[PDB]
>>> print(open('structure-v6.pdb').read())   # PDB, C-alpha atoms
MODEL        1
ATOM      1  CA  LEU A   1     117.554 130.907  87.641
ATOM      2  CA  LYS A   2     119.047 130.591  84.178
ATOM      3  CA  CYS A   3     117.477 131.563  80.873
ATOM      4  CA  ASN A   4     118.399 130.713  77.301
ATOM      5  CA  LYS A   5     119.074 133.241  74.566
ATOM      6  CA  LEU A   6     117.493 133.592  71.145
ATOM      7  CA  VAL A   7     119.294 130.429  70.107
ATOM      8  CA  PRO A   8     118.768 127.789  72.826
ATOM      9  CA  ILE A   9     122.309 126.445  72.322
ATOM     10  CA  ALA A  10     123.467 129.337  74.474
ATOM     11  CA  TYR A  11     122.079 130.630  77.748
ATOM     12  CA  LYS A  12     123.045 133.067  80.479
ATOM     13  CA  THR A  13     122.142 133.956  84.045
ATOM     14  CA  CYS A  14     119.054 135.961  84.922
ATOM     15  CA  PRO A  15     120.767 139.268  85.778
ATOM     16  CA  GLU A  16     120.483 141.790  88.633
ATOM     17  CA  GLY A  17     116.817 142.234  89.465
ATOM     18  CA  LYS A  18     115.905 139.610  86.894
ATOM     19  CA  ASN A  19     115.291 136.036  87.974
ATOM     20  CA  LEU A  20     112.384 134.728  85.931
ATOM     21  CA  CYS A  21     112.757 133.782  82.285
ATOM     22  CA  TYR A  22     110.747 135.476  79.562
ATOM     23  CA  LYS A  23     110.260 134.812  75.868
ATOM     24  CA  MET A  24     109.104 137.589  73.570
ATOM     25  CA  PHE A  25     107.714 137.061  70.089
ATOM     26  CA  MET A  26     106.684 139.119  67.084
ATOM     27  CA  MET A  27     103.659 139.268  64.813
ATOM     28  CA  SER A  28     106.003 137.717  62.279
ATOM     29  CA  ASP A  29     105.852 134.334  63.970
ATOM     30  CA  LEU A  30     104.539 133.894  67.495
ATOM     31  CA  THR A  31     105.397 130.238  67.015
ATOM     32  CA  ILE A  32     109.075 131.093  67.281
ATOM     33  CA  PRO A  33     110.580 133.726  69.616
ATOM     34  CA  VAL A  34     112.579 136.841  68.666
ATOM     35  CA  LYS A  35     113.935 137.712  72.091
ATOM     36  CA  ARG A  36     114.983 135.500  74.979
ATOM     37  CA  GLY A  37     116.069 136.702  78.399
ATOM     38  CA  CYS A  38     115.128 136.999  82.054
ATOM     39  CA  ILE A  39     113.002 139.541  83.881
ATOM     40  CA  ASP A  40     111.891 140.459  87.381
ATOM     41  CA  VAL A  41     108.247 140.990  86.514
ATOM     42  CA  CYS A  42     106.292 139.418  83.678
ATOM     43  CA  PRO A  43     105.540 141.962  80.941
ATOM     44  CA  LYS A  44     102.087 142.381  79.365
ATOM     45  CA  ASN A  45     101.367 140.846  75.981
ATOM     46  CA  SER A  46     100.587 142.849  72.864
ATOM     47  CA  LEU A  47      99.135 142.373  69.402
ATOM     48  CA  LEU A  48     102.603 143.153  68.104
ATOM     49  CA  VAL A  49     104.852 141.219  70.455
ATOM     50  CA  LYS A  50     104.019 138.327  72.751
ATOM     51  CA  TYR A  51     105.434 137.652  76.196
ATOM     52  CA  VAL A  52     105.907 134.307  77.901
ATOM     53  CA  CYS A  53     107.403 134.224  81.378
ATOM     54  CA  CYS A  54     108.325 131.045  83.212
ATOM     55  CA  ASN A  55     109.571 130.448  86.736
ATOM     56  CA  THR A  56     111.554 127.478  85.478
ATOM     57  CA  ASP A  57     115.198 126.973  84.591
ATOM     58  CA  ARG A  58     116.197 127.262  80.952
ATOM     59  CA  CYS A  59     112.454 127.128  80.406
ATOM     60  CA  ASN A  60     112.905 129.857  77.824
TER      61      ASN A  60
ENDMDL
END
>>> encode(input="structure-v6.pdb", output="structure tokens")
Amino acid sequence: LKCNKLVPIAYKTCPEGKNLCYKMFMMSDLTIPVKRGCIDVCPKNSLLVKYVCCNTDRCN
């Protein structure tokens, strides 16, 4: 699958081991992401940074 980067006008391929797309956020603004990439396994969320994984294409 493919995932978009911080700025959705540019995306890449979910690398070796990574296939799913994930979107991490910060306590600064969980309404808008800080990191955008792919991952193999969905990470846990935190009160500092959020994590949103999707098994879709360019979902992130």
>>> resolve_selection(input="structure-v6.pdb", expression="the PyMOL selection byres ((chain A and resi 51) around 9)", output="list in words")
residues 22, 23, 24, 25, 42, 43, 44, 45, 46, 49, 50, 52 and 53 of chain A
>>> closest_residue(input="structure-v6.pdb", among="A:6, A:21, A:41, A:26", to="residue A:59", atoms="only C-alpha atoms")
A:21
>>> closest_residue(input="structure-v6.pdb", among="A:12, A:17, A:1, A:7", to="residue A:32", atoms="only C-alpha atoms")
A:7
>>> resolve_selection(input="structure-v6.pdb", expression="the PyMOL selection byres ((chain A and resi 4) around 9)", output="number ranges by chain")
A: 2-3, 5-13, 21, 36-38, 57-60
>>> atom_distance(input="structure-v6.pdb", atom1="atom CA of residue A:47", atom2="atom CA of residue A:15")
27.3 Å
>>> closest_residue(input="structure-v6.pdb", among="A:14, A:28, A:19, A:35", to="residue A:55", atoms="all atoms listed in the file")
A:19
>>> axis_aligned_box(input="structure-v6.pdb", around="stretch 41-59 of chain A", padding_each_side="6 Å", output="lines of an AutoDock Vina configuration file")
center_x = 107.7
center_y = 135.1
center_z = 77.4
size_x = 29.1
size_y = 28.2
size_z = 30.6
>>> residues_near_point(input="structure-v6.pdb", point="(115.2, 143.5, 84.4)", cutoff="6 Å", atoms="all atoms listed in the file", output="MDAnalysis selection string")
chainID A and resid 17:18 39:40
>>> decode(input="structure-v6.pdb", residues="stretch 20-53 of chain A", atoms="N, CA, C and O atoms", output="mmCIF file, in the first residue's frame")
data_model
loop_
_atom_site.group_PDB
_atom_site.id
_atom_site.type_symbol
_atom_site.label_atom_id
_atom_site.label_comp_id
_atom_site.auth_asym_id
_atom_site.auth_seq_id
_atom_site.Cartn_x
_atom_site.Cartn_y
_atom_site.Cartn_z
ATOM 1 N N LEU A 20 0.903 -1.010 6.216
ATOM 2 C CA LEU A 20 -0.216 -0.187 6.646
ATOM 3 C C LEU A 20 0.248 1.264 6.784
ATOM 4 O O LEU A 20 1.442 1.528 6.929
ATOM 5 N N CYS A 21 -0.719 2.168 6.733
ATOM 6 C CA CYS A 21 -0.424 3.586 6.850
ATOM 7 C C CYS A 21 -0.796 4.039 8.265
ATOM 8 O O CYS A 21 -1.802 3.598 8.817
ATOM 9 N N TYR A 22 0.039 4.912 8.809
ATOM 10 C CA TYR A 22 -0.189 5.429 10.148
ATOM 11 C C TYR A 22 0.001 6.947 10.190
ATOM 12 O O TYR A 22 0.841 7.490 9.474
ATOM 13 N N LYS A 23 -0.792 7.587 11.035
ATOM 14 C CA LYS A 23 -0.723 9.030 11.180
ATOM 15 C C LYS A 23 -0.573 9.384 12.661
ATOM 16 O O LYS A 23 -1.474 9.131 13.458
ATOM 17 N N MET A 24 0.575 9.966 12.985
ATOM 18 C CA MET A 24 0.854 10.356 14.356
ATOM 19 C C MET A 24 0.604 11.850 14.562
ATOM 20 O O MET A 24 0.845 12.655 13.661
ATOM 21 N N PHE A 25 0.122 12.179 15.751
ATOM 22 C CA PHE A 25 -0.166 13.564 16.087
ATOM 23 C C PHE A 25 0.510 13.960 17.401
ATOM 24 O O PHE A 25 1.098 13.119 18.080
ATOM 25 N N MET A 26 0.401 15.241 17.722
ATOM 26 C CA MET A 26 0.993 15.759 18.944
ATOM 27 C C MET A 26 -0.040 16.529 19.769
ATOM 28 O O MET A 26 -1.050 16.984 19.238
ATOM 29 N N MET A 27 0.252 16.655 21.056
ATOM 30 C CA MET A 27 -0.638 17.363 21.960
ATOM 31 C C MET A 27 -0.877 18.797 21.483
ATOM 32 O O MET A 27 -1.792 19.467 21.955
ATOM 33 N N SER A 28 -0.038 19.223 20.549
ATOM 34 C CA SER A 28 -0.145 20.565 20.003
ATOM 35 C C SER A 28 -1.466 20.716 19.245
ATOM 36 O O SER A 28 -2.180 21.701 19.426
ATOM 37 N N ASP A 29 -1.750 19.726 18.412
ATOM 38 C CA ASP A 29 -2.972 19.737 17.625
ATOM 39 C C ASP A 29 -3.224 18.336 17.065
ATOM 40 O O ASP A 29 -2.653 17.960 16.042
ATOM 41 N N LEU A 30 -4.081 17.600 17.757
ATOM 42 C CA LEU A 30 -4.415 16.248 17.341
ATOM 43 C C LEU A 30 -5.349 16.309 16.131
ATOM 44 O O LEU A 30 -5.673 15.280 15.539
ATOM 45 N N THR A 31 -5.752 17.526 15.795
ATOM 46 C CA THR A 31 -6.643 17.735 14.665
ATOM 47 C C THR A 31 -5.853 17.724 13.356
ATOM 48 O O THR A 31 -6.427 17.559 12.280
ATOM 49 N N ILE A 32 -4.545 17.902 13.489
ATOM 50 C CA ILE A 32 -3.670 17.917 12.329
ATOM 51 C C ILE A 32 -2.376 17.174 12.664
ATOM 52 O O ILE A 32 -1.677 17.533 13.611
ATOM 53 N N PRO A 33 -2.095 16.153 11.868
ATOM 54 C CA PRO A 33 -0.871 15.317 12.088
ATOM 55 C C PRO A 33 0.552 15.971 12.013
ATOM 56 O O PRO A 33 0.732 17.002 11.366
ATOM 57 N N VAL A 34 1.498 15.332 12.685
ATOM 58 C CA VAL A 34 2.865 15.824 12.704
ATOM 59 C C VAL A 34 3.757 14.870 11.910
ATOM 60 O O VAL A 34 4.747 15.291 11.310
ATOM 61 N N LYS A 35 3.377 13.600 11.931
ATOM 62 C CA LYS A 35 4.131 12.582 11.219
ATOM 63 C C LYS A 35 3.174 11.749 10.363
ATOM 64 O O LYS A 35 2.036 11.504 10.759
ATOM 65 N N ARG A 36 3.671 11.338 9.206
ATOM 66 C CA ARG A 36 2.874 10.539 8.290
ATOM 67 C C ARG A 36 3.758 9.518 7.571
ATOM 68 O O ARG A 36 4.660 9.892 6.824
ATOM 69 N N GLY A 37 3.467 8.251 7.821
ATOM 70 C CA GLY A 37 4.224 7.174 7.205
ATOM 71 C C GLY A 37 3.454 5.854 7.276
ATOM 72 O O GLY A 37 2.257 5.841 7.563
ATOM 73 N N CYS A 38 4.172 4.771 7.010
ATOM 74 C CA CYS A 38 3.572 3.448 7.041
ATOM 75 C C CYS A 38 4.207 2.658 8.186
ATOM 76 O O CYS A 38 5.256 3.040 8.702
ATOM 77 N N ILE A 39 3.545 1.569 8.550
ATOM 78 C CA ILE A 39 4.033 0.721 9.624
ATOM 79 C C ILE A 39 3.499 -0.699 9.429
ATOM 80 O O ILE A 39 2.529 -0.907 8.704
ATOM 81 N N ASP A 40 4.158 -1.640 10.091
ATOM 82 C CA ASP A 40 3.762 -3.036 10.000
ATOM 83 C C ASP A 40 2.670 -3.320 11.032
ATOM 84 O O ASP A 40 1.691 -4.001 10.735
ATOM 85 N N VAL A 41 2.876 -2.783 12.226
ATOM 86 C CA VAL A 41 1.922 -2.971 13.306
ATOM 87 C C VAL A 41 1.513 -1.607 13.864
ATOM 88 O O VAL A 41 2.356 -0.727 14.041
ATOM 89 N N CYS A 42 0.222 -1.471 14.123
ATOM 90 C CA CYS A 42 -0.309 -0.227 14.657
ATOM 91 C C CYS A 42 0.300 -0.002 16.043
ATOM 92 O O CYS A 42 0.116 -0.815 16.946
ATOM 93 N N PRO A 43 1.013 1.109 16.165
ATOM 94 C CA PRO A 43 1.381 1.644 17.516
ATOM 95 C C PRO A 43 0.262 2.124 18.503
ATOM 96 O O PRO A 43 -0.811 2.545 18.073
ATOM 97 N N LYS A 44 0.572 2.036 19.789
ATOM 98 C CA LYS A 44 -0.369 2.446 20.815
ATOM 99 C C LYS A 44 -0.412 3.974 20.881
ATOM 100 O O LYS A 44 0.569 4.640 20.557
ATOM 101 N N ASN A 45 -1.560 4.483 21.303
ATOM 102 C CA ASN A 45 -1.745 5.920 21.416
ATOM 103 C C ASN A 45 -1.220 6.394 22.774
ATOM 104 O O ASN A 45 -1.064 5.594 23.695
ATOM 105 N N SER A 46 -0.962 7.690 22.855
ATOM 106 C CA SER A 46 -0.460 8.279 24.085
ATOM 107 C C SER A 46 -1.118 9.639 24.322
ATOM 108 O O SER A 46 -1.779 10.176 23.433
ATOM 109 N N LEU A 47 -0.915 10.158 25.524
ATOM 110 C CA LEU A 47 -1.481 11.446 25.888
ATOM 111 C C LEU A 47 -0.587 12.563 25.345
ATOM 112 O O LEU A 47 -0.881 13.742 25.532
ATOM 113 N N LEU A 48 0.484 12.151 24.686
ATOM 114 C CA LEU A 48 1.422 13.103 24.114
ATOM 115 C C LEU A 48 1.294 13.087 22.589
ATOM 116 O O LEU A 48 1.193 14.140 21.961
ATOM 117 N N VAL A 49 1.299 11.882 22.039
ATOM 118 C CA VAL A 49 1.183 11.715 20.601
ATOM 119 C C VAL A 49 0.099 10.681 20.297
ATOM 120 O O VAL A 49 -0.012 9.670 20.990
ATOM 121 N N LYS A 50 -0.673 10.965 19.258
ATOM 122 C CA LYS A 50 -1.746 10.072 18.854
ATOM 123 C C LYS A 50 -1.271 9.211 17.682
ATOM 124 O O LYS A 50 -0.307 9.561 17.000
ATOM 125 N N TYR A 51 -1.969 8.104 17.480
ATOM 126 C CA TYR A 51 -1.632 7.192 16.401
ATOM 127 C C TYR A 51 -2.891 6.695 15.690
ATOM 128 O O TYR A 51 -3.804 6.171 16.327
ATOM 129 N N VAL A 52 -2.901 6.874 14.378
ATOM 130 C CA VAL A 52 -4.034 6.450 13.572
ATOM 131 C C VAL A 52 -3.531 5.615 12.392
ATOM 132 O O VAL A 52 -2.900 6.143 11.478
ATOM 133 N N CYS A 53 -3.828 4.327 12.453
ATOM 134 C CA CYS A 53 -3.416 3.412 11.400
ATOM 135 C C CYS A 53 -4.630 3.109 10.522
ATOM 136 O O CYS A 53 -5.761 3.083 11.008
#
